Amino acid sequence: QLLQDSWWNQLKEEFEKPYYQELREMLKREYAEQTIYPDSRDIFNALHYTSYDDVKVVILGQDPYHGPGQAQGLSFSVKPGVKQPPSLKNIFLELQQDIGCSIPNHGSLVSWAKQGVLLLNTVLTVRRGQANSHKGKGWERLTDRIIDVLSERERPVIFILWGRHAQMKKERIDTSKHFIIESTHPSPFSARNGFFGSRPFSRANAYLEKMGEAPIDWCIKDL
């Protein structure tokens, strides 16, 4: 058993399948032979921090950061102590305009995860310095199933889908129950084309309040 009960009860069948065994064997070799991010112990951190029952909001990313000291097994977040990359800075700028939060002295979003924000990347590992190097190795099959089981959940989920790749997952999500907040990506190429001014954080909280759920405290505190 690789995950806590509420996730394992939804996903255990996937981990038994040939594609996962093949992926696991590839990763055992690559972690031993080269530099893979995030650290192997951190691969499932988004699910460790945010149980299936506790999910309130999902923020979908693509693959992990590919530089030393960055990836935590969470979409967008970085370990405390490293520079915040440009997209993450833009996330904090929007958060500041939307909610009012000051810009933090680190880029770790663990606080969000602990409050029910599932920081799910669709690909969970990457080779150092080589973006998208673990594309098509099996992760997308598993993370599609994670999206499926969230879509199947009775209690509504709020999905925040930034950019074109994240928006492609709309087809997997049952919008008769779930909520979608979508915009252009926070990358500097696209942030000023819709992401800025989209107010995703207050919008998410407004959906939560309508459902009688406690809102997220989005502001990140300095370390």
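Throughout, we count residues from 1 along the sequence that is shown.
Peer 1: Check the entry's C-alpha temperature factors for 59-67 and 181-189, then say which stretch has the higher mean.
Peer 2: Of 181-189 and 59-67, the stretch with the higher C-alpha B-factor average is 181-189.
Peer 1: Can you let me know which of the two, 130-138 or 93-101, has the higher average C-alpha B-factor in the entry?
Peer 2: The recorded data point to 93-101.
Peer 1: Can you tell me which third, lowest, middle or highest, the CA B-factor of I158 falls into for its chain?
Peer 2: It belongs to the middle third of the chain when residues are ordered by C-alpha B-factor.
Peer 1: What third of its chain's C-alpha B-factors does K114 belong to: lowest, middle or highest?
Peer 2: Its C-alpha B-factor, which the entry lists for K114, ranks in the middle third among residues of this chain.
Peer 1: Grab the CA temperature factor for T175 from the record and place it in the lowest, middle or highest third of its chain.
Peer 2: Tercile = highest for this residue's CA B-factor.
Peer 1: Among the chain's modelled residues, which third holds the C-alpha B-factor of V78?
Peer 2: Bottom third by C-alpha B-factor.
Peer 1: Quick check on the deposited entry: does the C-alpha B-factor of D53 sit in the lowest, middle or highest third of its chain?
Peer 2: It belongs to the highest third of the chain when residues are ordered by C-alpha B-factor.
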